[PDB]
Amino acid sequence: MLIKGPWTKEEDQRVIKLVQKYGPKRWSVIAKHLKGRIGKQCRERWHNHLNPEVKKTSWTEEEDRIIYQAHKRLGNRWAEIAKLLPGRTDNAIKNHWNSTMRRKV
DNA sequence: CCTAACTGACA
DNA sequence: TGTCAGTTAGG
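If you want the entry's author numbering, it's the 1-based position in the first sequence plus 88.
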């Protein structure tokens, strides 16, 4: 039967409302309503740039300058960079770098 | 280039 | 259980 695979439909529609109600710090409970997409699955879709709580402004200049600096000293510490960078959680700035800025300017 | 999607290791 | 560091997948 259908299980795992891409994350959408009865996936976002759940975490999307459950996060705005509880918050991204109860993945253990959030998971219970996602049927099989438990524990980590919910976190995977989220904590990146999905959070409707942060409009998809994306990288351009005022943010593209972050990786160029933040990574230059704390790149391998995406967790703290992300914390000091509201919006792009510990995943957006991580994959962005290793795809877009994969040249360590 | 851009976000999404997951795994292994760690706190 | 959640986070932390890196890699993978589709558009």
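Don't be surprised by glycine CBs; every beta carbon is placed ideally from N, CA and C.
If I follow the unbroken alpha helix (DSSP H) through residue 157, where does it start and stop?
Counting along the chain, residue 157 falls outside any alpha helix (DSSP H), and DSSP gives it neither H nor E.
Restricting to Cα atoms, I'd like to know which of 181, 111, 157 and 140 is closest to residue 147.
Of the candidates 181, 111, 157 and 140, the one whose C-alpha sits nearest the C-alpha of residue 147 is 181.
State the Cα-Cα distance for the pair residue 142 and residue 192, rounded to the nearest angstrom.
Spanning the two alpha carbons is a distance of roughly 27 Å.
With respect to the alpha helix (DSSP H) encompassing residue 172, which residues constitute its N-terminal and C-terminal limits?
No alpha helix (DSSP H) holds residue 172; DSSP gives it neither H nor E.
Go ahead and label residue 122 buried or exposed: buried means 16 or more other beta carbons lie within 10 angstroms of its beta carbon, across all protein chains shown.
With 16 or more other Cβ atoms within 10 Å, it is buried.
Pairing CB atoms from the region 90-100 with CB atoms from the region 110-125, are three or more of them under 8 Å?
Output reads yes: the region 110-125 touches the region 90-100.
Same chain, Cβ closer than 6 Å to residue 179, neighbours up to 5 away in sequence not counted
Hits under 6 Å: 135 and 136.
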